[PDB]
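Participant: Pasting in a structure now, in structure tokens, and then I'll have a few things to ask.
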Amino acid sequence: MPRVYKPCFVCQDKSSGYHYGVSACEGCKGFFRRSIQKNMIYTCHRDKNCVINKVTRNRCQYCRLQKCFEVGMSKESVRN
Ligand SMILES: [Zn+2]
Ligand SMILES: [Zn+2]
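Position 9 of the sequence shown, counting from 1, maps to 9 under our numbering, and the rest follow consecutively.
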């Protein structure tokens, strides 16, 4: 599937209740702090073409931390 509703804002349908800057998947805001806040040092592991619209996934940290970050969600420079 191409795109209908985000609210991940990227990975690409799952939502809820708007925290920081984006529309997030709740899974995403969880992911966002999970990597950023406590458990990231990363270039991307899978590869940085690790794909999320909804054909996809192919999901990892840096890749779509940074694509979810295109809609600069704040788990930001967290908490660093
Ligand atoms: Zn998501
Ligand atoms: Zn990846």
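In this text, a Cβ means the ideal position worked out from N, Cα and C, and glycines have one as well.
What three-state label does DSSP hand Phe-9 in the structure shown?
Facilitator: One-based indexing of the sequence shown puts residue 9 at position 9. Of the three classes helix, strand and coil, the one that applies to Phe-9 here is coil, per DSSP.
Participant: So is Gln-61 buried or exposed if we call it buried at 16+ other beta carbons inside 10 Å?
Facilitator: The residue given as residue 61 occupies position 61 in the sequence shown. Result: buried.
Participant: When DSSP labels each residue in this structure, what does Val-71 get in the three-state scheme?
Facilitator: Here residue 71 refers to the residue found at position 71 when the sequence shown is read from its first residue. Looking at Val-71 - three-state DSSP - the assignment turns out to be helix.
Participant: Would you say the beta carbon of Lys-14 comes nearer than 7 angstroms to a heavy atom of ligand 1?
Facilitator: Within the sequence shown, the letter at position 14 stands for residue 14. Indeed, a heavy atom of ligand 1 lies less than 7 angstroms from the Cβ.
Participant: Which residues bound the alpha helix (DSSP H) around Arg-59?
Facilitator: Mapped onto the sequence shown, residue 59 falls at position 59. Element bounds for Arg-59: n/a, residue is neither H nor E.
Participant: Can you tell me whether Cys-63 sits near ligand 1, meaning its C-beta is under 7 angstroms from at least one heavy atom of the ligand?
Facilitator: Reading the sequence shown from its first residue, position 63 is the one you call residue 63. No - ligand 1 has no heavy atom lying nearer than 7 angstroms to the Cβ of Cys-63.
Participant: If you draw a straight line from the alpha carbon of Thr-43 to that of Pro-2, how long is it in whole angstroms?
Facilitator: Residue numbering aside, residue 43 sits at position 43 when the sequence shown is read from its first letter. Residue numbering aside, residue 2 sits at position 2 when the sequence shown is read from its first letter. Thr-43 and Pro-2: Cα-Cα distance of roughly 26 angstroms.
Participant: Sort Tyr-18, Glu-70, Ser-77, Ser-35 by Cα distance to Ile-52 and report the nearest one.
Facilitator: Residue 52 sits at position 52 when you count from the first residue of the sequence shown. For the residues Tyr-18, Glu-70, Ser-77, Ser-35, the minimum Cα distance to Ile-52 belongs to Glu-70.
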